[PDB]
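Note: hydrogens, waters and symmetry copies are ignored here, and every other heavy atom, side chains too, is used. Counting from 1, the numbers follow the sequence of the chain as shown. Each ligand, and each atom within it, is numbered from 1 in the order the structure gives.
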Amino acid sequence: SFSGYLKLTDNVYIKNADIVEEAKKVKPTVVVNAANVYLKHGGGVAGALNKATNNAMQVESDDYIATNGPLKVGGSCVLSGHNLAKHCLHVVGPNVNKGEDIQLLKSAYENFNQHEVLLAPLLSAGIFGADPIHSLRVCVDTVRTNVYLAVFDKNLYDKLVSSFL
Ligand SMILES: Cc1nn(C)c(C)c1CC(N)=O
């Protein structure tokens with residue numbers, strides 16, 4: 001199962017890890033992707049997860065968008081986890097670099113509550129432009145299911161742990 005995690009709360013755990021390497025090692029039931037409404041997995045966690053699937057995630061995602069249209073900011077969809085997990089929960093957090101409402105980050109984390117355990121990144125952090133300390137706070141105050149957070153950047157991981165209330 002999950003190893004080397006620091007316990008933050010009853011249900012939130014955190015580790016300085018590459019989420020792709022973590023997924024390949026654990027092969028969890030659910031890996032969360034930091035998706036955009038179009039499921040265009042270009043950069044950040046999405047680009048890295050998609051690249052690990054040899055673009056199979058993008059092919060599947062384009063078929064999903066052709067049938068269903070775009071997701072909502074704060075919304076999600078469950079697709080295949082390919083070689084990384086049983087399922088991938090594509091969750092759209094607000095992108096602050098696109099003027100999206102930061103209040104939608106709580107709605108985005110509510111999607112995690114439909115899954116008993118998840119491997120996930122911090123929503124809206126990184127190239128999405130939100131403060132990762134705020135994202136972790138919304139995560140622990142919103143998610144009630146077991147979430148194992150993978151934070152790629154060591155310096156950010158240390159800052160998140162040392163500032164966690
Ligand atoms: C992979 C990966 N794992 N995690 C947690 C992040 C933020 C990434 C994105 C990247 N390094 O391209």
Give the atoms of ligand 1, by number and element, whose distance to some non-hydrogen atom of [X] is under 4.0 Å.
X   : value
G44 : 9 (C), 12 (O)
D18 : 1 (C), 2 (C), 3 (N)
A17 : 5 (C)

Salt bridge flag under 4.0 Å for residues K106 and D141: no
Would you please say whether a donor-acceptor pair under 3.5 Å links the side chains of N36 and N95? no
Against ligand 1, does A150 come closer than 4.0 Å with any heavy atom? yes
Nearest heavy atom to atom 7 (C) of ligand 1 wins, so pick from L156, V45, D153, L119. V45
Could you check atom 3 (N) of ligand 1 against the protein and tell me its nearest heavy-atom contact, residue, atom and distance included? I19 N, 2.9 Å
Can you pull out the closest protein heavy atom to atom 4 (N) of ligand 1? Residue, atom name and distance to 0.1 Å, please. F152 CB, 3.4 Å
Do the non-hydrogen side-chain atoms of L119 and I19 ever get within less than 4.5 Å of each other? yes
Looking at [X] and [Y], what are the two nearest heavy atoms and their distance?
X   : Y    : result
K24 : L84  : CG-CD2, 3.6 Å
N16 : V151 : OD1-O, 2.9 Å
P94 : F128 : O-CD2, 3.8 Å

Location of contacts on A48 toward ligand 1, heavy atoms closer than 4.0 Å: side chain
